[PDB]
>>> print(open('model15.cif').read())   # mmCIF, C-alpha atoms and all ligand atoms
data_structure
loop_
_atom_site.label_atom_id
_atom_site.label_comp_id
_atom_site.auth_asym_id
_atom_site.auth_seq_id
_atom_site.Cartn_x
_atom_site.Cartn_y
_atom_site.Cartn_z
CA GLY A 1 0.00 0.00 0.00
CA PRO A 2 0.87 3.72 -0.02
CA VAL A 3 3.62 5.01 2.28
CA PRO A 4 2.41 7.17 5.19
CA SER A 5 3.21 10.89 5.42
CA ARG A 6 3.50 13.55 8.16
CA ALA A 7 3.57 17.34 8.08
CA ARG A 8 7.15 18.58 8.45
CA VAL A 9 5.97 21.38 10.75
CA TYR A 10 3.23 21.87 13.36
CA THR A 11 2.89 18.11 13.34
CA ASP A 12 1.69 17.73 16.93
CA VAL A 13 -0.17 20.98 17.59
CA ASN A 14 -3.55 19.29 18.11
CA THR A 15 -2.01 16.42 20.05
CA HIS A 16 -1.02 18.83 22.82
CA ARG A 17 -4.01 21.15 22.62
CA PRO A 18 -6.79 20.30 25.04
CA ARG A 19 -9.36 17.98 23.45
CA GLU A 20 -12.00 20.74 23.41
CA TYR A 21 -9.87 22.59 20.84
CA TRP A 22 -10.16 20.09 17.97
CA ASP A 23 -13.14 18.00 19.07
CA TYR A 24 -15.60 20.21 17.22
CA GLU A 25 -18.43 17.65 17.35
CA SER A 26 -18.74 18.37 21.07
CA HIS A 27 -18.70 22.15 20.64
CA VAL A 28 -21.70 23.95 22.12
CA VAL A 29 -22.79 26.93 20.04
CA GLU A 30 -23.54 30.11 21.96
CA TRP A 31 -26.26 31.97 20.09
CA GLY A 32 -26.53 35.73 19.72
CA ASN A 33 -29.70 37.70 19.01
CA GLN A 34 -30.94 37.32 15.44
CA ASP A 35 -32.87 40.59 15.70
CA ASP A 36 -29.57 42.48 15.95
CA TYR A 37 -29.03 41.93 12.23
CA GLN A 38 -31.07 43.14 9.29
CA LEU A 39 -30.27 41.74 5.86
CA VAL A 40 -29.58 44.43 3.26
CA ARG A 41 -28.23 42.77 0.10
CA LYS A 42 -27.47 39.22 -1.03
CA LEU A 43 -23.83 38.92 -2.05
CA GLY A 44 -23.90 35.45 -3.51
CA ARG A 45 -24.31 31.71 -3.08
CA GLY A 46 -21.93 29.02 -1.98
CA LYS A 47 -22.54 25.33 -2.59
CA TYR A 48 -23.34 25.19 1.13
CA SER A 49 -24.57 28.71 1.85
CA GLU A 50 -26.20 32.01 0.94
CA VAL A 51 -24.21 35.14 1.79
CA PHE A 52 -25.74 38.51 2.65
CA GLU A 53 -24.68 42.03 3.44
CA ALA A 54 -26.39 43.18 6.62
CA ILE A 55 -26.45 45.93 9.23
CA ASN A 56 -25.85 45.38 12.93
CA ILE A 57 -28.58 47.65 14.28
CA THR A 58 -26.92 47.75 17.71
CA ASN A 59 -24.10 49.84 16.22
CA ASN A 60 -25.28 50.57 12.66
CA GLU A 61 -22.15 48.84 11.36
CA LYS A 62 -22.03 46.77 8.19
CA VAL A 63 -21.56 43.03 8.61
CA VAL A 64 -21.65 40.00 6.36
CA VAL A 65 -24.05 37.16 7.08
CA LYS A 66 -23.50 33.61 5.89
CA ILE A 67 -26.66 31.53 6.18
CA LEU A 68 -25.64 27.88 6.07
CA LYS A 69 -27.59 25.49 3.87
CA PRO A 70 -28.69 22.39 5.81
CA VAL A 71 -25.45 20.41 5.97
CA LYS A 72 -24.30 17.93 8.64
CA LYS A 73 -24.25 19.41 12.17
CA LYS A 74 -20.65 18.18 12.25
CA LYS A 75 -19.54 20.20 9.20
CA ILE A 76 -21.33 23.24 10.62
CA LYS A 77 -19.66 22.88 14.01
CA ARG A 78 -16.33 22.31 12.25
CA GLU A 79 -16.41 25.68 10.50
CA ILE A 80 -17.71 27.39 13.64
CA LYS A 81 -15.03 25.92 15.91
CA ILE A 82 -12.25 26.66 13.45
CA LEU A 83 -13.43 30.28 13.11
CA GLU A 84 -13.50 30.68 16.90
CA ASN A 85 -10.08 29.07 17.29
CA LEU A 86 -8.53 31.37 14.69
CA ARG A 87 -10.36 34.56 15.65
CA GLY A 88 -7.99 37.50 16.12
CA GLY A 89 -5.21 35.92 14.06
CA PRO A 90 -3.43 37.90 11.30
CA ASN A 91 -5.73 38.42 8.30
CA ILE A 92 -8.21 35.77 9.45
CA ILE A 93 -11.83 36.80 8.79
CA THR A 94 -13.42 37.64 12.13
CA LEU A 95 -16.52 35.74 13.20
CA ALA A 96 -18.45 38.37 15.19
CA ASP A 97 -21.62 36.42 16.02
CA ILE A 98 -23.70 33.32 15.35
CA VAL A 99 -27.49 33.47 15.19
CA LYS A 100 -30.32 31.11 14.25
CA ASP A 101 -31.98 32.34 11.05
CA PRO A 102 -35.78 32.07 11.43
CA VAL A 103 -36.43 31.26 7.76
CA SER A 104 -33.73 28.70 7.02
CA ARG A 105 -33.81 27.43 10.62
CA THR A 106 -30.03 26.99 10.27
CA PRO A 107 -27.03 28.81 11.74
CA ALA A 108 -26.22 32.20 10.27
CA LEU A 109 -22.59 33.21 10.76
CA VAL A 110 -21.96 36.93 11.22
CA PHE A 111 -18.63 38.27 9.99
CA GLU A 112 -16.75 41.55 9.93
CA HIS A 113 -17.49 43.48 6.75
CA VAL A 114 -14.78 43.56 4.09
CA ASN A 115 -14.94 46.14 1.31
CA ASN A 116 -13.43 44.21 -1.60
CA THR A 117 -13.37 44.59 -5.31
CA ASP A 118 -13.65 41.45 -7.46
CA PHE A 119 -10.29 39.74 -8.03
CA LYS A 120 -10.58 39.55 -11.81
CA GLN A 121 -10.36 43.34 -12.11
CA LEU A 122 -8.08 43.61 -9.07
CA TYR A 123 -5.58 41.09 -10.46
CA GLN A 124 -5.67 43.09 -13.68
CA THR A 125 -4.18 46.12 -11.93
CA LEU A 126 -1.83 44.72 -9.28
CA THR A 127 1.76 45.92 -9.55
CA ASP A 128 4.87 43.88 -8.78
CA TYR A 129 4.95 45.49 -5.35
CA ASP A 130 1.21 44.89 -4.76
CA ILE A 131 1.64 41.20 -5.56
CA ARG A 132 4.51 40.74 -3.11
CA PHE A 133 2.67 42.72 -0.42
CA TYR A 134 -0.56 40.75 -0.63
CA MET A 135 1.26 37.41 -0.96
CA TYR A 136 3.04 38.22 2.30
CA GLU A 137 -0.30 39.05 3.92
CA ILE A 138 -1.74 35.69 2.79
CA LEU A 139 1.31 33.93 4.20
CA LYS A 140 0.65 35.55 7.59
CA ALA A 141 -2.84 34.05 7.57
CA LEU A 142 -1.62 30.63 6.43
CA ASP A 143 1.26 30.38 8.88
CA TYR A 144 -1.16 31.36 11.63
CA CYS A 145 -3.83 28.76 10.88
CA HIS A 146 -1.19 26.09 10.20
CA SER A 147 0.50 26.94 13.53
CA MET A 148 -2.94 26.56 15.09
CA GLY A 149 -3.28 23.09 13.62
CA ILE A 150 -5.69 23.88 10.81
CA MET A 151 -5.43 23.54 7.04
CA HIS A 152 -7.66 25.75 4.88
CA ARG A 153 -7.97 23.37 1.89
CA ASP A 154 -9.73 25.94 -0.33
CA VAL A 155 -7.14 28.63 -1.01
CA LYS A 156 -8.10 30.47 -4.22
CA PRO A 157 -8.49 34.13 -5.31
CA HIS A 158 -12.21 34.08 -4.48
CA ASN A 159 -11.39 33.35 -0.84
CA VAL A 160 -8.81 36.08 -0.46
CA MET A 161 -10.76 39.29 0.13
CA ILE A 162 -8.87 42.51 -0.47
CA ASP A 163 -9.90 46.03 0.50
CA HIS A 164 -7.32 47.64 -1.78
CA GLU A 165 -8.11 51.13 -0.47
CA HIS A 166 -6.91 50.27 3.04
CA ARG A 167 -4.46 47.58 1.87
CA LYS A 168 -6.57 45.17 3.91
CA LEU A 169 -6.71 41.43 3.30
CA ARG A 170 -8.82 38.64 4.80
CA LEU A 171 -8.75 34.90 4.22
CA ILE A 172 -12.37 33.71 4.13
CA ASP A 173 -14.64 30.65 3.74
CA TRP A 174 -13.31 28.16 6.26
CA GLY A 175 -16.11 25.72 5.38
CA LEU A 176 -13.65 23.18 3.94
CA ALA A 177 -10.97 23.74 6.59
CA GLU A 178 -9.86 20.84 8.78
CA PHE A 179 -7.83 20.03 11.88
CA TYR A 180 -4.53 18.36 11.05
CA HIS A 181 -3.92 15.12 12.92
CA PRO A 182 -0.80 13.06 12.10
CA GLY A 183 -1.69 9.88 10.21
CA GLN A 184 -5.25 10.94 9.49
CA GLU A 185 -6.64 10.28 6.03
CA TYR A 186 -8.66 13.11 4.52
CA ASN A 187 -11.20 13.56 1.74
CA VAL A 188 -9.38 14.36 -1.49
CA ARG A 189 -12.50 16.09 -2.85
CA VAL A 190 -11.46 19.53 -1.57
CA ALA A 191 -10.28 22.82 -3.15
CA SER A 192 -11.32 24.22 -6.51
CA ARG A 193 -10.10 22.29 -9.59
CA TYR A 194 -7.37 24.72 -10.68
CA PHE A 195 -5.91 24.85 -7.18
CA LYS A 196 -6.00 21.16 -6.30
CA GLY A 197 -2.63 19.81 -5.23
CA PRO A 198 -1.05 16.80 -6.96
CA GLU A 199 -1.69 14.79 -3.76
CA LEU A 200 -5.44 15.23 -4.32
CA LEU A 201 -5.20 14.50 -8.02
CA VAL A 202 -3.39 11.20 -7.43
CA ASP A 203 -5.80 10.24 -4.64
CA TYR A 204 -3.31 10.44 -1.76
CA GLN A 205 -5.34 10.99 1.40
CA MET A 206 -2.69 11.51 4.09
CA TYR A 207 -1.95 15.12 3.19
CA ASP A 208 -1.40 18.20 5.35
CA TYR A 209 -0.92 22.00 5.53
CA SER A 210 1.35 21.81 2.49
CA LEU A 211 -1.79 21.46 0.30
CA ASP A 212 -2.42 25.16 0.91
CA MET A 213 1.07 25.99 -0.33
CA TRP A 214 0.44 24.33 -3.69
CA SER A 215 -2.79 26.31 -3.97
CA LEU A 216 -0.93 29.51 -3.09
CA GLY A 217 1.62 28.68 -5.78
CA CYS A 218 -1.17 28.37 -8.36
CA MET A 219 -2.41 31.82 -7.33
CA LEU A 220 1.11 33.28 -7.59
CA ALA A 221 1.68 31.78 -11.03
CA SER A 222 -1.60 33.28 -12.24
CA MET A 223 -0.65 36.72 -10.92
CA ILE A 224 2.97 37.06 -12.05
CA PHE A 225 2.32 35.47 -15.46
CA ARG A 226 -1.08 37.12 -15.91
CA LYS A 227 -2.75 33.83 -16.83
CA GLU A 228 -6.07 32.93 -15.21
CA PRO A 229 -6.10 30.27 -14.05
CA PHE A 230 -2.55 29.02 -14.58
CA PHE A 231 -3.22 25.29 -14.72
CA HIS A 232 -6.49 25.26 -16.68
CA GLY A 233 -7.71 21.66 -16.67
CA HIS A 234 -11.08 20.71 -18.13
CA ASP A 235 -11.57 18.04 -15.44
CA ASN A 236 -9.62 16.46 -12.58
CA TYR A 237 -7.69 14.13 -14.90
CA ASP A 238 -6.75 16.85 -17.37
CA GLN A 239 -5.80 19.04 -14.40
CA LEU A 240 -2.96 16.64 -13.56
CA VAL A 241 -1.94 16.42 -17.22
CA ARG A 242 -1.75 20.24 -17.39
CA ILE A 243 0.51 20.22 -14.34
CA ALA A 244 2.68 17.44 -15.79
CA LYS A 245 3.17 19.42 -19.01
CA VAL A 246 4.99 22.03 -16.89
CA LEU A 247 6.61 20.10 -14.01
CA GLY A 248 7.34 17.06 -16.19
CA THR A 249 6.27 13.42 -16.01
CA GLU A 250 9.52 11.99 -14.61
CA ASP A 251 9.21 13.98 -11.38
CA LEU A 252 5.53 13.00 -11.21
CA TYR A 253 6.58 9.37 -11.31
CA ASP A 254 9.30 10.04 -8.73
CA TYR A 255 6.59 11.55 -6.51
CA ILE A 256 4.11 8.71 -6.69
CA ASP A 257 6.94 6.12 -6.49
CA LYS A 258 8.19 7.75 -3.28
CA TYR A 259 4.82 7.26 -1.60
CA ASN A 260 4.22 3.96 -3.38
CA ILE A 261 1.16 5.50 -5.02
CA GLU A 262 -0.28 3.92 -8.13
CA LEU A 263 -1.46 6.28 -10.85
CA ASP A 264 -5.06 5.73 -11.95
CA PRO A 265 -4.77 3.70 -15.15
CA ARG A 266 -7.07 6.21 -16.83
CA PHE A 267 -3.85 8.26 -17.26
CA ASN A 268 -2.19 5.61 -19.44
CA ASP A 269 -3.61 7.06 -22.66
CA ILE A 270 -3.60 10.75 -21.74
CA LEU A 271 -0.54 11.58 -19.63
CA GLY A 272 2.21 11.21 -22.23
CA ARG A 273 5.87 12.03 -21.61
CA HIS A 274 6.87 15.59 -20.77
CA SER A 275 10.08 17.34 -19.86
CA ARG A 276 10.16 19.72 -16.90
CA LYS A 277 9.93 23.29 -18.23
CA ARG A 278 11.94 26.31 -17.13
CA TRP A 279 9.68 29.05 -15.77
CA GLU A 280 11.20 31.58 -18.19
CA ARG A 281 9.07 30.22 -21.05
CA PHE A 282 5.95 31.78 -19.46
CA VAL A 283 7.50 35.26 -19.37
CA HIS A 284 6.54 37.69 -22.12
CA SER A 285 6.39 41.43 -22.73
CA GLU A 286 3.00 41.76 -21.02
CA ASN A 287 3.97 40.17 -17.70
CA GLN A 288 7.73 40.69 -17.45
CA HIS A 289 7.32 43.68 -15.13
CA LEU A 290 5.81 41.23 -12.63
CA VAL A 291 8.60 38.69 -12.97
CA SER A 292 12.02 38.64 -11.30
CA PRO A 293 14.52 35.89 -10.50
CA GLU A 294 13.23 36.04 -6.91
CA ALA A 295 9.63 35.56 -8.08
CA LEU A 296 10.52 32.58 -10.23
CA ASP A 297 12.59 30.92 -7.51
CA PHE A 298 9.84 31.43 -4.95
CA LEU A 299 7.22 30.01 -7.34
CA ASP A 300 9.50 27.08 -8.13
CA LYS A 301 9.73 26.25 -4.43
CA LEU A 302 5.95 26.32 -3.94
CA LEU A 303 4.99 24.28 -6.99
CA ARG A 304 6.56 20.92 -6.14
CA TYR A 305 4.84 17.56 -6.70
CA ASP A 306 6.14 16.28 -3.38
CA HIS A 307 4.03 17.95 -0.69
CA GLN A 308 6.93 17.33 1.73
CA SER A 309 9.25 19.41 -0.48
CA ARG A 310 7.23 22.61 -0.67
CA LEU A 311 8.13 25.71 1.29
CA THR A 312 6.24 26.02 4.55
CA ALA A 313 4.37 29.27 5.12
CA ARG A 314 7.11 30.39 7.51
CA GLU A 315 9.90 29.45 5.10
CA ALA A 316 8.09 31.31 2.34
CA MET A 317 8.07 34.48 4.44
CA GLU A 318 11.88 34.18 4.67
CA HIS A 319 12.23 34.23 0.87
CA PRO A 320 14.16 37.02 -0.94
CA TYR A 321 10.99 37.72 -2.98
CA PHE A 322 9.70 39.60 0.07
CA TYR A 323 12.85 41.58 0.83
CA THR A 324 11.40 44.64 -0.95
CA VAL A 325 8.12 44.54 1.00
CA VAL A 326 7.92 47.05 3.85
CA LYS A 327 7.53 45.15 7.09
CA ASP A 328 5.56 46.60 10.03
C1 LIG A 401 -16.65 38.90 4.41
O1 LIG A 401 -17.34 39.54 3.30
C2 LIG A 401 -17.78 38.68 2.26
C3 LIG A 401 -17.79 37.25 2.42
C4 LIG A 401 -18.21 36.40 1.41
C5 LIG A 401 -18.68 37.00 0.13
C6 LIG A 401 -18.68 38.40 -0.04
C7 LIG A 401 -18.24 39.25 1.01
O2 LIG A 401 -18.24 40.59 0.85
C8 LIG A 401 -19.16 36.13 -0.99
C9 LIG A 401 -19.11 34.58 -0.82
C10 LIG A 401 -18.71 33.99 0.45
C11 LIG A 401 -18.72 32.65 0.55
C12 LIG A 401 -18.28 31.99 1.78
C13 LIG A 401 -17.83 32.81 2.88
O3 LIG A 401 -17.40 32.16 4.08
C14 LIG A 401 -17.80 34.21 2.79
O4 LIG A 401 -17.34 34.93 3.93
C15 LIG A 401 -18.32 35.09 4.92
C16 LIG A 401 -18.22 34.87 1.59
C17 LIG A 401 -19.20 31.77 -0.60
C18 LIG A 401 -19.83 32.58 -1.81
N1 LIG A 401 -20.21 33.86 -1.51
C19 LIG A 401 -20.49 34.44 -2.56
#
>>> encode(input="model15.cif", output="structure tokens")
Amino acid sequence: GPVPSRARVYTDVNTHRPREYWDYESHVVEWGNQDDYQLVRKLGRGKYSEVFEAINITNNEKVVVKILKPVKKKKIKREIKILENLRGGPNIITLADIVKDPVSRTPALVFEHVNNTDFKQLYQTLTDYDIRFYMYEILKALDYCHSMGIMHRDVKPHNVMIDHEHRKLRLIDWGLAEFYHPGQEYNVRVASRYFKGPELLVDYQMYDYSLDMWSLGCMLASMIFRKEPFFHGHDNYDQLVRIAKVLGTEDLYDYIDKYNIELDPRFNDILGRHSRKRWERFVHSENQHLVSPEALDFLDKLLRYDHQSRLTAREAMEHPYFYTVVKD
């Protein structure tokens, strides 16, 4: 069978936390007053939720309300517990309240308001400096939640809210997030297609925080090369083929051989043989102002097949790519 794997950092954070910290099934929800919040505008739908802009009439402040679709009590408590555990951390969206919505009869999560502008137009304007700045801010959020024993598992542009006016960033939608426990096998059906790590795509279940670093790498590639999304697969099989056309098939085989993983034989007719490519081939006159040797080296160290070989969030913050970013 497949070889087991462990996170190289924060391996035992939940082992030494009190049980109450990660045992979210036993969490008791403390309910606020639903009448404090009046819905103003619907912002959108998740697969598991409807999201609204609202006003907190106890202070006339804007908030965001996420009314959960009826999903398993356990998944609901998981997101709630994780949000409470991470509350106050760097660039973590703040859960301000939880109320019972009278119409859905489900929990409605109340968050701090974030004044974003849609990433597709935002990514279209970001400068080299902006990219490095906001990448560093995401890394603060990721190192924090990883250090707190939680993997996000759905890192993507849509879940990184940016108030560009106040240079403010928040990592949102912790509905797929999980507690990391050494040796635990996890559902590989997480993250959005373009951001799925190789471990998911080859059906390796014993993954860890490093999944988020692959996803972050996919974001970075899309930003510095101005190509959305970078790995544009038409399904989960083609997604791996797209990755292999850049990282090469020999290192893919080295990866799965290391963990004694067998590739799904569906790949026999579609994977082919591909050399590893140098990142310079994706540079052109319309993105070169966003590219530097530091950017390419940083990207190269995020986008590794082997989840154990990727930069940790902390290591990433040490990278020369961020030397030019003003620290606080
Ligand atoms: C914090 O301010 C906002 C949050 C969200 C949003 C728009 C916002 O302005 C739009 C999303 C959304 C989702 C899940 C989630 O956990 C969110 O944070 C509460 C949001 C899923 C989809 N819909 C559309």
>>> residues_near_ligand(input="model15.cif", ligand="ligand LIG 401 (chain A)", cutoff="9 Å", atoms="all atoms listed in the file", output="count of residues only")
37
>>> atom_distance(input="model15.cif", atom1="atom CA of residue 243 of chain A", atom2="atom CA of residue 231 of chain A")
6.3 Å
>>> closest_residue(input="model15.cif", among="A:41, A:104, A:164, A:28", to="residue 71 of chain A", atoms="only C-alpha atoms")
A:104
>>> residues_near_point(input="model15.cif", point="(-11.0, 31.9, 13.3)", cutoff="7 Å", atoms="all atoms listed in the file", output="list in words")
residues 82, 83, 84, 85, 86, 87, 88, 92, 93, 94 and 95 of chain A
>>> atom_distance(input="model15.cif", atom1="atom CA of residue 195 of chain A", atom2="atom CA of residue 166 of chain A")
27.4 Å
>>> closest_residue(input="model15.cif", among="A:130, A:229, A:293, A:187", to="residue 326 of chain A", atoms="only C-alpha atoms")
A:130
>>> closest_residue(input="model15.cif", among="A:308, A:292, A:14, A:285", to="residue 132 of chain A", atoms="all atoms listed in the file")
A:292
>>> residues_around(input="model15.cif", residues="residue 282 of chain A", least_positions_apart="3", cutoff="12 Å", atoms="all atoms listed in the file", output="PyMOL selection string")
chain A and resi 221-227+230+246+277-279+285-288+290-291+296
>>> atom_distance(input="model15.cif", atom1="atom CA of residue 150 of chain A", atom2="atom CA of residue 67 of chain A")
22.8 Å
>>> closest_residue(input="model15.cif", among="A:261, A:162, A:144, A:154", to="residue 120 of chain A", atoms="all atoms listed in the file")
A:162
>>> closest_residue(input="model15.cif", among="A:311, A:252, A:316, A:80", to="residue 199 of chain A", atoms="all atoms listed in the file")
A:252
>>> residues_around(input="model15.cif", residues="residue 220 of chain A", least_positions_apart="5", cutoff="9 Å", atoms="only C-alpha atoms", output="PDB file with C-alpha atoms, keeping the file's coordinate frame")
ATOM      1  CA  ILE A 131       1.640  41.200  -5.560  1.00  0.00           C
ATOM      2  CA  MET A 135       1.260  37.410  -0.960  1.00  0.00           C
ATOM      3  CA  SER A 215      -2.790  26.310  -3.970  1.00  0.00           C
ATOM      4  CA  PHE A 225       2.320  35.470 -15.460  1.00  0.00           C
ATOM      5  CA  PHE A 230      -2.550  29.020 -14.580  1.00  0.00           C
ATOM      6  CA  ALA A 295       9.630  35.560  -8.080  1.00  0.00           C
ATOM      7  CA  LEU A 299       7.220  30.010  -7.340  1.00  0.00           C
TER       8      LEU A 299
END
>>> closest_residue(input="model15.cif", among="A:77, A:148, A:123, A:39", to="residue 15 of chain A", atoms="only C-alpha atoms")
A:148
>>> residues_near_point(input="model15.cif", point="(2.4, 6.9, -1.1)", cutoff="8 Å", atoms="all atoms listed in the file", output="mmCIF file with C-alpha atoms, in the coordinates of the input")
data_model
loop_
_atom_site.group_PDB
_atom_site.id
_atom_site.type_symbol
_atom_site.label_atom_id
_atom_site.label_comp_id
_atom_site.auth_asym_id
_atom_site.auth_seq_id
_atom_site.Cartn_x
_atom_site.Cartn_y
_atom_site.Cartn_z
ATOM 1 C CA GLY A 1 0.000 0.000 0.000
ATOM 2 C CA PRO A 2 0.870 3.720 -0.020
ATOM 3 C CA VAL A 3 3.620 5.010 2.280
ATOM 4 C CA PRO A 4 2.410 7.170 5.190
ATOM 5 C CA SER A 5 3.210 10.890 5.420
ATOM 6 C CA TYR A 204 -3.310 10.440 -1.760
ATOM 7 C CA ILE A 256 4.110 8.710 -6.690
ATOM 8 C CA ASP A 257 6.940 6.120 -6.490
ATOM 9 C CA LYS A 258 8.190 7.750 -3.280
ATOM 10 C CA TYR A 259 4.820 7.260 -1.600
ATOM 11 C CA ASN A 260 4.220 3.960 -3.380
ATOM 12 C CA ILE A 261 1.160 5.500 -5.020
#
>>> residues_around(input="model15.cif", residues="residue 247 of chain A", least_positions_apart="2", cutoff="12 Å", atoms="all atoms listed in the file", output="PyMOL selection string")
chain A and resi 198+231+240-245+249-255+273-279+299-306
